[PDB]
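Q: Sharing a structure with you now.
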Amino acid sequence: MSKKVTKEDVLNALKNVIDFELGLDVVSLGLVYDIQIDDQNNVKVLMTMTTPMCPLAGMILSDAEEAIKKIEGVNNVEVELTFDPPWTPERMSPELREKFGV
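If you read the sequence shown in the entry's author numbering, its first letter stands for residue 2, the second for the next number, and so on.
Structure (C-alpha cells):
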C-alpha cells in the first residue's frame, strides 16, 4: 500500500496493452527508450513507434495512456513521442524476428 510509482510499475502496466499493428505489447516490442518517474509520480517515458505510418496511431497511443494512467499514483503522464531516431526491428522477441522477417 504506497504512492510512489516507478519504471517497474509503468512497465508492468503497459504489459497489458497491444500495438494492434504488430500484435504484441510495447515492452515486448522494446520502444520505451527511457523511463524516469519523479517523486511527484510524474511518469515520464521516452517512447516512440516503429514507424510514423502506424494505422490508428492515435488509438494505439491513447490505449498506451490508458495503461499508464491506471497506476494508482500516476499524478501526470509525460509520454514523450520522440519521432526522429530509427528504433530497431530486432527489439522484438527472437521468435517475432523470425516470424516478421528480421
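Virtual Cβ for every residue (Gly too), placed ideally from N, Cα, C.
Could you tell me which residues DSSP puts in a beta bridge with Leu12?
A: Translated into the one-based positions of the sequence shown, residue 12 becomes position 11. DSSP lists no partner for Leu12.
Q: Nearest to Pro87 by CA position, among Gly31, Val11 and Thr7, is which residue?
A: On the sequence shown, residue 87 is found 86 positions in, with the first residue counted as 1. Of the candidates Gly31, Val11 and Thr7, the one whose C-alpha sits nearest the C-alpha of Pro87 is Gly31.
Q: By Cβ distance below 8 Å, which residues in the same chain neighbour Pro90 in space, the five residues on each side in sequence not counted?
A: Locating residue 90 in the sequence shown gives position 89, where the first residue counts as 1. These residues qualify, in order along the chain: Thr51, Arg98, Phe101 and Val103.
Q: Exposed or buried, what is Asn77 when buried is set at 16 or more other beta-carbons lying within 10 Å of its beta-carbon?
A: Counting from 1 along the sequence shown, the entry for residue 77 is found at position 76. When all chains shown are included, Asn77 counts as exposed.
Q: Comparing C-alpha positions only, which one of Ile69, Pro95 and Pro53 sits nearest to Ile36?
A: Here residue 36 refers to the residue found at position 35 of the sequence shown. Minimum Cα distance to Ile36 is reached at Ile69.
Q: Let me know the secondary structure DSSP gives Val75 once reduced to three states.
A: Here residue 75 is taken as the residue at index 74 of the sequence shown, counted from 1. Coil, per DSSP.
Q: Taking a contact to mean a Cβ-Cβ separation below 9 Å, would you say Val28 touches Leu47 in this structure?
A: The residue given as residue 28 occupies position 27 in the sequence shown. The residue given as residue 47 occupies position 46 in the sequence shown. Not closer than 9 Å, so no.
Q: Quick one: is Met93 buried, meaning 16 or more other Cβ sit within 10 Å of its Cβ, or exposed?
A: As a position in the sequence shown, residue 93 is number 92, starting the count at 1. Buried, because 16 or more other Cβ atoms sit within 10 Å of the Cβ of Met93.
Q: First and last residue of the alpha helix (DSSP H) that includes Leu97?
A: For the purposes of this step, residue 97 is taken as residue 96 along the sequence shown, with counting starting at 1. First-last of the alpha helix (DSSP H) with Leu97: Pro95 to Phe101.
Q: Using C-beta distances below 8 Å, list every residue in its chain close to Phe21, excluding the 5 sequence neighbours before and after it, in chain order.
A: Within the sequence shown, the letter at position 20 stands for residue 21. Counting only Cβ-Cβ distances below 8 Å, and skipping sequence neighbours, we find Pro56, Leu57, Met60 and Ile61.
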